[PDB]
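Peer 1: For reference, the file final-v7.pdb (PDB, C-alpha atoms) is included below:
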```pdb
ATOM      1  CA  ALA A   1     -21.001 -77.747  86.443  1.00  0.00           C
ATOM      2  CA  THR A   2     -19.097 -77.614  89.765  1.00  0.00           C
ATOM      3  CA  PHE A   3     -15.978 -75.442  90.144  1.00  0.00           C
ATOM      4  CA  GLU A   4     -13.906 -76.013  93.267  1.00  0.00           C
ATOM      5  CA  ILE A   5     -11.926 -72.787  93.877  1.00  0.00           C
ATOM      6  CA  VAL A   6      -8.941 -73.521  96.172  1.00  0.00           C
ATOM      7  CA  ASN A   7      -6.677 -70.828  97.673  1.00  0.00           C
ATOM      8  CA  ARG A   8      -3.251 -72.506  98.061  1.00  0.00           C
ATOM      9  CA  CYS A   9      -1.715 -68.985  98.478  1.00  0.00           C
ATOM     10  CA  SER A  10      -0.104 -68.124 101.859  1.00  0.00           C
ATOM     11  CA  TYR A  11      -2.307 -64.957 101.670  1.00  0.00           C
ATOM     12  CA  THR A  12      -6.078 -64.382 101.684  1.00  0.00           C
ATOM     13  CA  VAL A  13      -7.694 -63.902  98.276  1.00  0.00           C
ATOM     14  CA  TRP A  14     -11.234 -62.903  97.478  1.00  0.00           C
ATOM     15  CA  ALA A  15     -12.410 -65.270  94.700  1.00  0.00           C
ATOM     16  CA  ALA A  16     -14.765 -63.856  92.058  1.00  0.00           C
ATOM     17  CA  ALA A  17     -16.918 -65.604  89.462  1.00  0.00           C
ATOM     18  CA  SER A  18     -18.804 -63.628  86.805  1.00  0.00           C
ATOM     19  CA  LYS A  19     -20.032 -63.846  83.175  1.00  0.00           C
ATOM     20  CA  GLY A  20     -19.723 -60.046  82.864  1.00  0.00           C
ATOM     21  CA  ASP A  21     -23.449 -59.059  83.207  1.00  0.00           C
ATOM     22  CA  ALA A  22     -24.073 -61.428  86.215  1.00  0.00           C
ATOM     23  CA  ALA A  23     -22.526 -63.199  89.176  1.00  0.00           C
ATOM     24  CA  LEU A  24     -21.756 -66.900  88.867  1.00  0.00           C
ATOM     25  CA  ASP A  25     -23.244 -68.569  92.005  1.00  0.00           C
ATOM     26  CA  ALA A  26     -22.636 -66.074  94.907  1.00  0.00           C
ATOM     27  CA  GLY A  27     -20.073 -64.245  92.632  1.00  0.00           C
ATOM     28  CA  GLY A  28     -17.406 -63.767  95.317  1.00  0.00           C
ATOM     29  CA  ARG A  29     -16.034 -64.998  98.623  1.00  0.00           C
ATOM     30  CA  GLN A  30     -13.090 -64.598 100.994  1.00  0.00           C
ATOM     31  CA  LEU A  31     -10.707 -67.581 100.755  1.00  0.00           C
ATOM     32  CA  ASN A  32      -8.157 -67.791 103.555  1.00  0.00           C
ATOM     33  CA  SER A  33      -4.979 -69.823 102.847  1.00  0.00           C
ATOM     34  CA  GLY A  34      -6.118 -73.410 102.241  1.00  0.00           C
ATOM     35  CA  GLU A  35      -9.863 -72.671 101.942  1.00  0.00           C
ATOM     36  CA  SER A  36     -11.992 -74.277  99.195  1.00  0.00           C
ATOM     37  CA  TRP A  37     -15.173 -72.730  97.774  1.00  0.00           C
ATOM     38  CA  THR A  38     -17.390 -74.973  95.625  1.00  0.00           C
ATOM     39  CA  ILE A  39     -19.648 -73.103  93.150  1.00  0.00           C
ATOM     40  CA  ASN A  40     -22.342 -74.316  90.720  1.00  0.00           C
ATOM     41  CA  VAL A  41     -22.157 -72.753  87.212  1.00  0.00           C
ATOM     42  CA  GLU A  42     -25.270 -73.113  84.989  1.00  0.00           C
ATOM     43  CA  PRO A  43     -24.657 -75.386  81.950  1.00  0.00           C
ATOM     44  CA  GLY A  44     -24.390 -73.352  78.676  1.00  0.00           C
ATOM     45  CA  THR A  45     -22.645 -70.530  80.610  1.00  0.00           C
ATOM     46  CA  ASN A  46     -20.797 -68.557  77.882  1.00  0.00           C
ATOM     47  CA  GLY A  47     -17.840 -66.212  78.724  1.00  0.00           C
ATOM     48  CA  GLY A  48     -17.565 -67.216  82.414  1.00  0.00           C
ATOM     49  CA  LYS A  49     -14.502 -65.935  84.295  1.00  0.00           C
ATOM     50  CA  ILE A  50     -12.939 -66.754  87.635  1.00  0.00           C
ATOM     51  CA  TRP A  51     -10.225 -64.651  89.223  1.00  0.00           C
ATOM     52  CA  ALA A  52      -8.633 -63.768  92.529  1.00  0.00           C
ATOM     53  CA  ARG A  53      -8.682 -60.340  94.198  1.00  0.00           C
ATOM     54  CA  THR A  54      -5.923 -59.248  96.629  1.00  0.00           C
ATOM     55  CA  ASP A  55      -5.909 -56.811  99.617  1.00  0.00           C
ATOM     56  CA  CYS A  56      -9.692 -56.366  99.917  1.00  0.00           C
ATOM     57  CA  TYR A  57     -11.586 -54.448 102.609  1.00  0.00           C
ATOM     58  CA  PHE A  58     -15.380 -55.113 102.756  1.00  0.00           C
ATOM     59  CA  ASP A  59     -17.852 -53.593 105.282  1.00  0.00           C
ATOM     60  CA  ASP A  60     -20.835 -55.579 106.764  1.00  0.00           C
ATOM     61  CA  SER A  61     -22.870 -54.943 103.503  1.00  0.00           C
ATOM     62  CA  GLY A  62     -20.240 -56.531 101.041  1.00  0.00           C
ATOM     63  CA  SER A  63     -19.065 -53.086  99.725  1.00  0.00           C
ATOM     64  CA  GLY A  64     -15.401 -52.035  99.701  1.00  0.00           C
ATOM     65  CA  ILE A  65     -12.266 -52.201  97.554  1.00  0.00           C
ATOM     66  CA  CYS A  66      -9.535 -54.610  96.292  1.00  0.00           C
ATOM     67  CA  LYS A  67      -6.104 -53.614  95.046  1.00  0.00           C
ATOM     68  CA  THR A  68      -6.451 -56.169  92.184  1.00  0.00           C
ATOM     69  CA  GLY A  69      -9.565 -57.485  90.401  1.00  0.00           C
ATOM     70  CA  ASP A  70     -12.023 -55.101  92.118  1.00  0.00           C
ATOM     71  CA  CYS A  71     -15.485 -55.510  90.520  1.00  0.00           C
ATOM     72  CA  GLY A  72     -17.150 -52.121  91.297  1.00  0.00           C
ATOM     73  CA  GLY A  73     -16.396 -52.377  95.074  1.00  0.00           C
ATOM     74  CA  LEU A  74     -18.519 -55.582  95.604  1.00  0.00           C
ATOM     75  CA  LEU A  75     -17.680 -58.798  97.548  1.00  0.00           C
ATOM     76  CA  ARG A  76     -20.187 -60.581  95.201  1.00  0.00           C
ATOM     77  CA  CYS A  77     -18.975 -59.689  91.648  1.00  0.00           C
ATOM     78  CA  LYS A  78     -21.714 -59.077  89.010  1.00  0.00           C
ATOM     79  CA  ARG A  79     -19.123 -57.537  86.632  1.00  0.00           C
ATOM     80  CA  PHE A  80     -15.559 -58.347  85.557  1.00  0.00           C
ATOM     81  CA  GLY A  81     -12.704 -57.229  87.758  1.00  0.00           C
ATOM     82  CA  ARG A  82     -10.284 -54.344  87.248  1.00  0.00           C
ATOM     83  CA  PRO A  83      -6.873 -55.461  85.849  1.00  0.00           C
ATOM     84  CA  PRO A  84      -4.495 -56.805  86.695  1.00  0.00           C
ATOM     85  CA  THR A  85      -6.292 -60.195  86.879  1.00  0.00           C
ATOM     86  CA  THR A  86      -5.064 -63.645  85.935  1.00  0.00           C
ATOM     87  CA  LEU A  87      -8.270 -65.065  84.331  1.00  0.00           C
ATOM     88  CA  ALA A  88      -9.721 -68.567  84.359  1.00  0.00           C
ATOM     89  CA  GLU A  89     -12.050 -68.358  81.311  1.00  0.00           C
ATOM     90  CA  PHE A  90     -14.737 -70.857  80.323  1.00  0.00           C
ATOM     91  CA  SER A  91     -17.616 -71.421  77.929  1.00  0.00           C
ATOM     92  CA  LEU A  92     -19.633 -74.554  78.852  1.00  0.00           C
ATOM     93  CA  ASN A  93     -21.863 -76.890  76.723  1.00  0.00           C
ATOM     94  CA  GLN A  94     -20.927 -75.101  73.430  1.00  0.00           C
ATOM     95  CA  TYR A  95     -22.116 -77.667  70.816  1.00  0.00           C
ATOM     96  CA  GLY A  96     -21.344 -80.577  73.230  1.00  0.00           C
ATOM     97  CA  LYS A  97     -17.924 -79.150  74.344  1.00  0.00           C
ATOM     98  CA  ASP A  98     -16.520 -77.097  77.246  1.00  0.00           C
ATOM     99  CA  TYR A  99     -13.766 -74.541  76.389  1.00  0.00           C
ATOM    100  CA  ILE A 100     -11.348 -73.432  79.129  1.00  0.00           C
ATOM    101  CA  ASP A 101      -8.281 -71.221  79.121  1.00  0.00           C
ATOM    102  CA  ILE A 102      -6.076 -69.057  81.240  1.00  0.00           C
ATOM    103  CA  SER A 103      -5.619 -65.483  79.996  1.00  0.00           C
ATOM    104  CA  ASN A 104      -2.980 -62.820  80.777  1.00  0.00           C
ATOM    105  CA  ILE A 105      -4.804 -60.448  78.360  1.00  0.00           C
ATOM    106  CA  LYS A 106      -6.006 -58.463  81.460  1.00  0.00           C
ATOM    107  CA  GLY A 107      -2.592 -58.869  83.148  1.00  0.00           C
ATOM    108  CA  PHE A 108      -1.590 -61.076  86.086  1.00  0.00           C
ATOM    109  CA  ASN A 109      -2.062 -60.788  89.884  1.00  0.00           C
ATOM    110  CA  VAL A 110      -2.125 -64.372  91.231  1.00  0.00           C
ATOM    111  CA  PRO A 111      -0.684 -67.627  89.791  1.00  0.00           C
ATOM    112  CA  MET A 112      -3.337 -70.118  88.791  1.00  0.00           C
ATOM    113  CA  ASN A 113      -4.050 -73.706  87.812  1.00  0.00           C
ATOM    114  CA  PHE A 114      -7.322 -74.317  85.905  1.00  0.00           C
ATOM    115  CA  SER A 115      -7.886 -78.139  85.664  1.00  0.00           C
ATOM    116  CA  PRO A 116     -10.866 -80.436  85.008  1.00  0.00           C
ATOM    117  CA  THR A 117     -11.733 -82.763  87.923  1.00  0.00           C
ATOM    118  CA  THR A 118     -13.505 -85.101  85.405  1.00  0.00           C
ATOM    119  CA  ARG A 119     -11.700 -86.994  82.596  1.00  0.00           C
ATOM    120  CA  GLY A 120     -11.146 -86.196  78.872  1.00  0.00           C
ATOM    121  CA  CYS A 121      -8.789 -83.188  78.796  1.00  0.00           C
ATOM    122  CA  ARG A 122      -5.786 -81.551  80.499  1.00  0.00           C
ATOM    123  CA  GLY A 123      -5.544 -78.455  82.690  1.00  0.00           C
ATOM    124  CA  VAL A 124      -3.670 -75.223  82.030  1.00  0.00           C
ATOM    125  CA  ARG A 125      -1.423 -73.366  84.419  1.00  0.00           C
ATOM    126  CA  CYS A 126       0.147 -69.938  84.669  1.00  0.00           C
ATOM    127  CA  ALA A 127       2.275 -70.202  87.875  1.00  0.00           C
ATOM    128  CA  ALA A 128       5.519 -68.330  86.953  1.00  0.00           C
ATOM    129  CA  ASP A 129       6.485 -65.298  89.103  1.00  0.00           C
ATOM    130  CA  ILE A 130       5.080 -62.729  86.569  1.00  0.00           C
ATOM    131  CA  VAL A 131       4.739 -60.040  89.318  1.00  0.00           C
ATOM    132  CA  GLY A 132       8.419 -60.449  90.349  1.00  0.00           C
ATOM    133  CA  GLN A 133       9.699 -60.360  86.717  1.00  0.00           C
ATOM    134  CA  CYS A 134       7.136 -57.761  85.567  1.00  0.00           C
ATOM    135  CA  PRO A 135       8.597 -55.052  83.274  1.00  0.00           C
ATOM    136  CA  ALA A 136       8.827 -51.708  85.115  1.00  0.00           C
ATOM    137  CA  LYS A 137       6.138 -49.985  82.940  1.00  0.00           C
ATOM    138  CA  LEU A 138       3.505 -52.762  83.557  1.00  0.00           C
ATOM    139  CA  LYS A 139       3.985 -52.951  87.376  1.00  0.00           C
ATOM    140  CA  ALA A 140       0.689 -52.115  89.093  1.00  0.00           C
ATOM    141  CA  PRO A 141       1.395 -50.133  92.323  1.00  0.00           C
ATOM    142  CA  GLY A 142      -1.460 -52.073  94.026  1.00  0.00           C
ATOM    143  CA  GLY A 143       0.339 -55.379  93.218  1.00  0.00           C
ATOM    144  CA  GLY A 144       0.316 -57.386  89.990  1.00  0.00           C
ATOM    145  CA  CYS A 145       1.479 -56.965  86.377  1.00  0.00           C
ATOM    146  CA  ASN A 146      -0.783 -55.019  83.962  1.00  0.00           C
ATOM    147  CA  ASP A 147      -1.206 -56.004  80.316  1.00  0.00           C
ATOM    148  CA  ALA A 148       0.080 -53.310  77.883  1.00  0.00           C
ATOM    149  CA  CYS A 149      -3.486 -52.572  76.627  1.00  0.00           C
ATOM    150  CA  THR A 150      -4.628 -51.516  80.148  1.00  0.00           C
ATOM    151  CA  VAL A 151      -1.466 -49.355  80.592  1.00  0.00           C
ATOM    152  CA  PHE A 152      -1.057 -47.721  77.117  1.00  0.00           C
ATOM    153  CA  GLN A 153      -4.527 -47.916  75.487  1.00  0.00           C
ATOM    154  CA  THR A 154      -3.142 -48.282  71.913  1.00  0.00           C
ATOM    155  CA  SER A 155      -4.818 -50.034  68.958  1.00  0.00           C
ATOM    156  CA  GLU A 156      -1.768 -52.373  68.740  1.00  0.00           C
ATOM    157  CA  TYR A 157      -1.889 -53.504  72.413  1.00  0.00           C
ATOM    158  CA  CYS A 158      -5.756 -53.647  72.632  1.00  0.00           C
ATOM    159  CA  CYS A 159      -6.108 -55.144  69.082  1.00  0.00           C
ATOM    160  CA  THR A 160      -8.910 -52.645  68.424  1.00  0.00           C
ATOM    161  CA  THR A 161      -8.839 -53.056  64.588  1.00  0.00           C
ATOM    162  CA  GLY A 162      -8.826 -56.896  64.979  1.00  0.00           C
ATOM    163  CA  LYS A 163      -5.356 -56.689  63.346  1.00  0.00           C
ATOM    164  CA  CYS A 164      -2.307 -56.719  65.630  1.00  0.00           C
ATOM    165  CA  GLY A 165       0.842 -58.634  66.408  1.00  0.00           C
ATOM    166  CA  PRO A 166       2.698 -59.839  69.444  1.00  0.00           C
ATOM    167  CA  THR A 167       4.578 -57.109  71.316  1.00  0.00           C
ATOM    168  CA  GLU A 168       7.562 -56.886  73.636  1.00  0.00           C
ATOM    169  CA  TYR A 169       4.956 -56.818  76.464  1.00  0.00           C
ATOM    170  CA  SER A 170       2.798 -59.745  75.196  1.00  0.00           C
ATOM    171  CA  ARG A 171       6.050 -61.799  74.701  1.00  0.00           C
ATOM    172  CA  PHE A 172       7.000 -61.255  78.355  1.00  0.00           C
ATOM    173  CA  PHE A 173       3.654 -62.842  79.478  1.00  0.00           C
ATOM    174  CA  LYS A 174       3.999 -65.598  76.801  1.00  0.00           C
ATOM    175  CA  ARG A 175       7.641 -66.442  77.770  1.00  0.00           C
ATOM    176  CA  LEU A 176       6.668 -66.905  81.468  1.00  0.00           C
ATOM    177  CA  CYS A 177       3.226 -68.532  80.689  1.00  0.00           C
ATOM    178  CA  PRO A 178       3.169 -70.162  77.251  1.00  0.00           C
ATOM    179  CA  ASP A 179      -0.148 -71.929  78.120  1.00  0.00           C
ATOM    180  CA  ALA A 180      -2.008 -68.588  78.720  1.00  0.00           C
ATOM    181  CA  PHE A 181      -3.285 -65.983  76.193  1.00  0.00           C
ATOM    182  CA  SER A 182      -0.710 -63.123  76.080  1.00  0.00           C
ATOM    183  CA  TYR A 183      -2.670 -60.835  73.653  1.00  0.00           C
ATOM    184  CA  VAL A 184      -6.064 -60.868  71.858  1.00  0.00           C
ATOM    185  CA  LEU A 185      -4.858 -62.683  68.668  1.00  0.00           C
ATOM    186  CA  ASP A 186      -2.434 -65.038  70.470  1.00  0.00           C
ATOM    187  CA  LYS A 187      -2.402 -68.557  68.958  1.00  0.00           C
ATOM    188  CA  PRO A 188      -5.258 -70.088  71.058  1.00  0.00           C
ATOM    189  CA  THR A 189      -4.264 -72.061  74.207  1.00  0.00           C
ATOM    190  CA  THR A 190      -7.972 -72.915  74.615  1.00  0.00           C
ATOM    191  CA  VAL A 191      -8.414 -76.490  75.909  1.00  0.00           C
ATOM    192  CA  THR A 192     -11.423 -78.529  74.606  1.00  0.00           C
ATOM    193  CA  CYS A 193     -13.165 -80.595  77.371  1.00  0.00           C
ATOM    194  CA  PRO A 194     -16.249 -82.843  77.254  1.00  0.00           C
ATOM    195  CA  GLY A 195     -19.513 -80.924  77.749  1.00  0.00           C
ATOM    196  CA  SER A 196     -20.488 -80.744  81.501  1.00  0.00           C
ATOM    197  CA  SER A 197     -16.958 -81.335  82.826  1.00  0.00           C
ATOM    198  CA  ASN A 198     -16.251 -80.183  86.410  1.00  0.00           C
ATOM    199  CA  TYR A 199     -13.217 -78.057  87.333  1.00  0.00           C
ATOM    200  CA  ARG A 200     -10.846 -76.897  89.998  1.00  0.00           C
ATOM    201  CA  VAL A 201      -9.299 -73.453  89.976  1.00  0.00           C
ATOM    202  CA  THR A 202      -6.249 -73.388  92.278  1.00  0.00           C
ATOM    203  CA  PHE A 203      -4.619 -70.060  93.278  1.00  0.00           C
ATOM    204  CA  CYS A 204      -0.846 -70.452  93.935  1.00  0.00           C
ATOM    205  CA  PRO A 205      -0.844 -74.069  92.691  1.00  0.00           C
ATOM    206  CA  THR A 206       2.929 -74.522  93.479  1.00  0.00           C
ATOM    207  CA  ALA A 207       3.835 -71.795  96.133  1.00  0.00           C
TER
END
```
Can you turn what I pasted into structure tokens?
Peer 2:
Amino acid sequence: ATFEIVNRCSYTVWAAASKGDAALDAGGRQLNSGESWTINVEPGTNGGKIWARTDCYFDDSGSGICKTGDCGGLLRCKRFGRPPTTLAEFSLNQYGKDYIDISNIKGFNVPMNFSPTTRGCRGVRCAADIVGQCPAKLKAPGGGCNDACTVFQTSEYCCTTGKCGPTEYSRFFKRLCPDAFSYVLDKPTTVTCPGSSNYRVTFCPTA
């Protein structure tokens, strides 16, 4: 499957693409404002994620740091990024279907549109100003809005027992982005696409 990753932000982001134990394609790249990066994701890829990283410094070897979504100091992510990270999440060719979503479960750094570029389903978007509205206790100093699980490390926020409810904090994410997961047991906003759909992830779709 092809993913076009477009940075419509006025600021540089460092795109990342990982399935948690491995890079997707190159796994990361600098996107200046307006730049597009096309990656190939193996069919059957399960638990793929795409995210943006902000305020990165990388040396000549691809080692450094981001203020959001840092994946162990690498330009080319092999691992998932450090919250806060707005997540494009996908499982491809799962019994003839693709499953896509946006998640705020790991917080929010950069607004995002996650849309198919092929026919047969709709995109999802989380483009509200979650950083601007972020409750005081979830504000990440580096930039972004942490989920409550990252900040407080409770069973209720992290849903550790597999039993938990919405929270004041999950409802803030859900109110600003109803089409994204706000907590682990949120009513699914997963979209079902045809197997082997192609996609565009757009950072700062509107701004």
Peer 1: Interatomic distance between atom CA of residue 144 of chain A and atom CA of residue 41 of chain A?
Peer 2: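 Computed distance, atom CA of residue 144 of chain A to atom CA of residue 41 of chain A, equals 27.4 Å.
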Peer 1: Please write as number ranges by chain the full residue list that the PyMOL selection byres ((chain A and resi 34-38) around 12) yields on this file.
Peer 2: A: 1-17, 24-33, 39-41, 50, 198-205, 207
Peer 1: Up to 9 Å from (0.7, -54.2, 93.6) in the file's coordinates: name the residues, counting only C-alpha atoms, as a PyMOL selection string.
Peer 2: chain A and resi 54+67-68+109+131+139-145
Peer 1: What would the file look like if the residues just selected were written as a short mmCIF file (atom, residue, chain, number, x, y, z; two decimals), in the coordinates of the input with C-alpha atoms?
Peer 2:
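out_14.cif, written as the output of this step:
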```
data_model
loop_
_atom_site.label_atom_id
_atom_site.label_comp_id
_atom_site.auth_asym_id
_atom_site.auth_seq_id
_atom_site.Cartn_x
_atom_site.Cartn_y
_atom_site.Cartn_z
CA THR A 54 -5.92 -59.25 96.63
CA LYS A 67 -6.10 -53.61 95.05
CA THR A 68 -6.45 -56.17 92.18
CA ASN A 109 -2.06 -60.79 89.88
CA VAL A 131 4.74 -60.04 89.32
CA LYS A 139 3.98 -52.95 87.38
CA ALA A 140 0.69 -52.12 89.09
CA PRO A 141 1.40 -50.13 92.32
CA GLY A 142 -1.46 -52.07 94.03
CA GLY A 143 0.34 -55.38 93.22
CA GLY A 144 0.32 -57.39 89.99
CA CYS A 145 1.48 -56.96 86.38
#
```
Peer 1: Please write the residues picked by the PyMOL selection byres ((chain A and resi 178) around 12) on this file as a list in words.
Peer 2: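 Going through the file, the PyMOL selection byres ((chain A and resi 178) around 12) ends up selecting residues 101, 102, 103, 104, 124, 125, 126, 127, 128, 170, 171, 172, 173, 174, 175, 176, 177, 179, 180, 181, 182, 183, 186, 187, 188, 189 and 190 of chain A.
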Peer 1: I'd like to know which of A:129, A:89, A:60, A:98 is closest to residue 75 of chain A, using all atoms listed in the file.
Peer 2: A:60
Peer 1: Take atom CA of residue 72 of chain A and atom CA of residue 132 of chain A and report the distance between them in Å, one decimal.
Peer 2: 26.9 Å
Peer 1: Output the residue selection produced by the PyMOL selection byres ((chain A and resi 63) around 9) on the file above, formatted as a PyMOL selection string.
Peer 2: chain A and resi 57-62+64-65+72-76
Peer 1: Suppose we keep C-alpha atoms; can you now write the selection as a compact mmCIF listing (two decimals), keeping the file's coordinate frame?
Peer 2:
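Saved file again31.txt follows:
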```txt
# COMPACT_ATOMS: atom_id res chain seq x y z
CA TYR A 57 -11.59 -54.45 102.61
CA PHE A 58 -15.38 -55.11 102.76
CA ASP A 59 -17.85 -53.59 105.28
CA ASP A 60 -20.84 -55.58 106.76
CA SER A 61 -22.87 -54.94 103.50
CA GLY A 62 -20.24 -56.53 101.04
CA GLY A 64 -15.40 -52.04 99.70
CA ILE A 65 -12.27 -52.20 97.55
CA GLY A 72 -17.15 -52.12 91.30
CA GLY A 73 -16.40 -52.38 95.07
CA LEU A 74 -18.52 -55.58 95.60
CA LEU A 75 -17.68 -58.80 97.55
CA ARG A 76 -20.19 -60.58 95.20
```
Peer 1: Residue 162 of chain A: which residues within 9 Å, counting only C-alpha atoms, same-chain residues fewer than 3 positions away excluded, as a list in words?
Peer 2: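 My list of contacting residues is residues 155, 158, 159, 184 and 185 of chain A.
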Peer 1: Do you have the atom CA of residue 45 of chain A-atom CA of residue 111 of chain A distance handy?
Peer 2: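 For atom CA of residue 45 of chain A relative to atom CA of residue 111 of chain A, the distance reads 24.0 Å.
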Peer 1: So that I can check the surroundings of residue 194 of chain A, please list as a PyMOL selection string every protein, DNA and RNA residue that reaches within 10 Å of it, counting only C-alpha atoms and ignoring chain neighbours fewer than 5 positions away.
Peer 2: chain A and resi 92-94+96-99+116+118-121
Peer 1: Starting from 6 Å padding per side, set up an axis-aligned box that covers all listed atoms of segment 124-127 of chain A and hand over centre and edge lengths in Å, one decimal, as AutoDock Vina command-line options.
Peer 2:
```
--center_x -0.7 --center_y -72.6 --center_z 85.0 --size_x 17.9 --size_y 17.3 --size_z 17.8
```
Peer 1: Of the candidates A:71, A:23, A:100, A:148, which one gets nearest to residue 136 of chain A if we count all atoms listed in the file?
Peer 2: A:148
Peer 1: Provide segment 88-107 of chain A of the preceding structure as a file containing N, CA and C atoms, as a PDB file, in the first residue's frame.
Peer 2:
```pdb
ATOM      1  N   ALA A  88      -1.932   8.229  13.445  1.00  0.00           N
ATOM      2  CA  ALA A  88      -2.622   7.493  12.362  1.00  0.00           C
ATOM      3  C   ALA A  88      -2.335   6.011  12.560  1.00  0.00           C
ATOM      4  N   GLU A  89      -3.389   5.201  12.709  1.00  0.00           N
ATOM      5  CA  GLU A  89      -3.207   3.759  13.046  1.00  0.00           C
ATOM      6  C   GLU A  89      -3.872   2.928  11.957  1.00  0.00           C
ATOM      7  N   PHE A  90      -3.195   1.853  11.568  1.00  0.00           N
ATOM      8  CA  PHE A  90      -3.708   1.021  10.458  1.00  0.00           C
ATOM      9  C   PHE A  90      -3.277  -0.432  10.643  1.00  0.00           C
ATOM     10  N   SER A  91      -4.215  -1.294  10.294  1.00  0.00           N
ATOM     11  CA  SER A  91      -3.982  -2.732  10.033  1.00  0.00           C
ATOM     12  C   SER A  91      -4.532  -3.056   8.637  1.00  0.00           C
ATOM     13  N   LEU A  92      -3.664  -3.612   7.783  1.00  0.00           N
ATOM     14  CA  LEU A  92      -3.952  -3.743   6.330  1.00  0.00           C
ATOM     15  C   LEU A  92      -4.205  -5.211   5.995  1.00  0.00           C
ATOM     16  N   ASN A  93      -5.141  -5.484   5.056  1.00  0.00           N
ATOM     17  CA  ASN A  93      -5.354  -6.855   4.508  1.00  0.00           C
ATOM     18  C   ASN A  93      -5.658  -7.804   5.669  1.00  0.00           C
ATOM     19  N   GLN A  94      -6.573  -7.394   6.540  1.00  0.00           N
ATOM     20  CA  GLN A  94      -7.040  -8.208   7.709  1.00  0.00           C
ATOM     21  C   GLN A  94      -8.371  -8.814   7.262  1.00  0.00           C
ATOM     22  N   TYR A  95      -8.294 -10.064   6.781  1.00  0.00           N
ATOM     23  CA  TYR A  95      -9.446 -10.831   6.239  1.00  0.00           C
ATOM     24  C   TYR A  95     -10.124 -10.020   5.145  1.00  0.00           C
ATOM     25  N   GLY A  96      -9.341  -9.445   4.218  1.00  0.00           N
ATOM     26  CA  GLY A  96      -9.858  -8.742   3.021  1.00  0.00           C
ATOM     27  C   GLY A  96     -10.186  -7.282   3.290  1.00  0.00           C
ATOM     28  N   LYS A  97      -9.943  -6.788   4.523  1.00  0.00           N
ATOM     29  CA  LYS A  97     -10.248  -5.376   4.891  1.00  0.00           C
ATOM     30  C   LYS A  97      -9.010  -4.644   5.417  1.00  0.00           C
ATOM     31  N   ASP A  98      -8.959  -3.339   5.148  1.00  0.00           N
ATOM     32  CA  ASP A  98      -8.046  -2.411   5.877  1.00  0.00           C
ATOM     33  C   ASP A  98      -8.842  -1.747   7.014  1.00  0.00           C
ATOM     34  N   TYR A  99      -8.182  -1.541   8.149  1.00  0.00           N
ATOM     35  CA  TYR A  99      -8.743  -0.800   9.308  1.00  0.00           C
ATOM     36  C   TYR A  99      -7.856   0.396   9.619  1.00  0.00           C
ATOM     37  N   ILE A 100      -8.440   1.581   9.565  1.00  0.00           N
ATOM     38  CA  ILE A 100      -7.703   2.828   9.897  1.00  0.00           C
ATOM     39  C   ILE A 100      -8.403   3.570  11.035  1.00  0.00           C
ATOM     40  N   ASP A 101      -7.613   4.315  11.784  1.00  0.00           N
ATOM     41  CA  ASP A 101      -8.207   5.217  12.784  1.00  0.00           C
ATOM     42  C   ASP A 101      -7.205   6.321  13.061  1.00  0.00           C
ATOM     43  N   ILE A 102      -7.731   7.376  13.677  1.00  0.00           N
ATOM     44  CA  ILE A 102      -6.890   8.300  14.455  1.00  0.00           C
ATOM     45  C   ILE A 102      -7.123   8.051  15.942  1.00  0.00           C
ATOM     46  N   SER A 103      -6.016   8.083  16.693  1.00  0.00           N
ATOM     47  CA  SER A 103      -6.040   7.913  18.151  1.00  0.00           C
ATOM     48  C   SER A 103      -5.413   9.118  18.843  1.00  0.00           C
ATOM     49  N   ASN A 104      -6.077   9.534  19.934  1.00  0.00           N
ATOM     50  CA  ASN A 104      -5.559  10.484  20.949  1.00  0.00           C
ATOM     51  C   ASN A 104      -5.176   9.742  22.225  1.00  0.00           C
ATOM     52  N   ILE A 105      -5.119   8.410  22.153  1.00  0.00           N
ATOM     53  CA  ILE A 105      -4.860   7.575  23.365  1.00  0.00           C
ATOM     54  C   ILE A 105      -3.464   7.903  23.888  1.00  0.00           C
ATOM     55  N   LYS A 106      -2.548   8.293  22.984  1.00  0.00           N
ATOM     56  CA  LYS A 106      -1.143   8.659  23.351  1.00  0.00           C
ATOM     57  C   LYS A 106      -1.001  10.182  23.289  1.00  0.00           C
ATOM     58  N   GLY A 107      -2.116  10.898  23.476  1.00  0.00           N
ATOM     59  CA  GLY A 107      -2.134  12.357  23.428  1.00  0.00           C
ATOM     60  C   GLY A 107      -2.101  12.890  22.017  1.00  0.00           C
TER      61      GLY A 107
END
```
